[PDB]
Amino acid sequence: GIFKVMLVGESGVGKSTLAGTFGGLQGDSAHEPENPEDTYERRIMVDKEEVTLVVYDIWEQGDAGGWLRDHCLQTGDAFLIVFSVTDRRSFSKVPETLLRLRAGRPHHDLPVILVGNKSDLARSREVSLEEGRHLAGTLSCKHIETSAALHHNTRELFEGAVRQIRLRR
Ligand SMILES: Nc1nc2c(ncn2[C@@H]2O[C@H](COP(=O)(O)OP(=O)(O)O)[C@@H](O)[C@H]2O)c(=O)[nH]1
Ligand SMILES: [Mg+2]
């Protein structure tokens, strides 16, 4: 099968940087509509089963990005809601973002992971591992911390996404 995994969240959290750690073949305007710019495709093996995974980084801020956020929600098989552990403001918006996704696909059970990125930036940390874990508990979803910069837990993130999807299948 083909799985479509969508990186979403506030600007600056590390969505594009996370996308780059997937190691996928990057799309472009020449391969629109199915592999546009800011998409990354790769065949991967998870738990002895291969899947073609397309990782999307098209969650654009502002009015001009509305149709892309809609396309993102309409077509995603799973959603990675990314905040930065160095940016409490991004963390604070996690529940609203999650509820918009859930409410926007009311007939579907949406596979989601809450991603606390920039875990390497110890000096700049504003949100704790514990806090992020607790909010995920509250919101009924899996939590993981990543350093997109160091590729720490990034294999686990994308493998986890595939697992999330398979467990509704
Ligand atoms: N130290 C550190 N910096 C990061 C990490 N992820 C992203 N960055 C940096 O944060 C900035 C914003 O990241 P970017 O991927 O463009 O964020 P986006 O707006 O969510 O796409 C860039 O300068 C990245 O290099 C991380 O895990 N650790
Ligand atoms: Mg970006």
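Residue numbering for chain A follows Swiss-Prot, covering 113-281 in order.
Looking at the header, which is where the method is noted, we find X-ray crystallography, 1.8 Å.
Note: Cβ is positioned from N, Cα and C throughout, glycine not excepted.
If you look up Swiss-Prot, you'll see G121, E122, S123, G124, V125, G126, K127, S128, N229, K230, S231, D232, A260, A261 marked as GTP binding site, on the strength of experimental evidence. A260 (GTP binding site) falls outside any helix or strand according to DSSP and counts as coil. Listed in sequence order, the residues of the same chain lying 6 or more apart from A260 (GTP binding site) and placing their CB within less than 8 Å of its CB are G126, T129, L130, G132, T133, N229, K230, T266.
The GTP-binding residues named in the record, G121, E122, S123, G124, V125, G126, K127, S128, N229, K230, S231, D232, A260, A261, extend over a maximum Cα to Cα distance of 19 Å.
For ligand 2, no neighbouring binding-site residues occur among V125, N229, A260, by Cβ distance under 6 Å.
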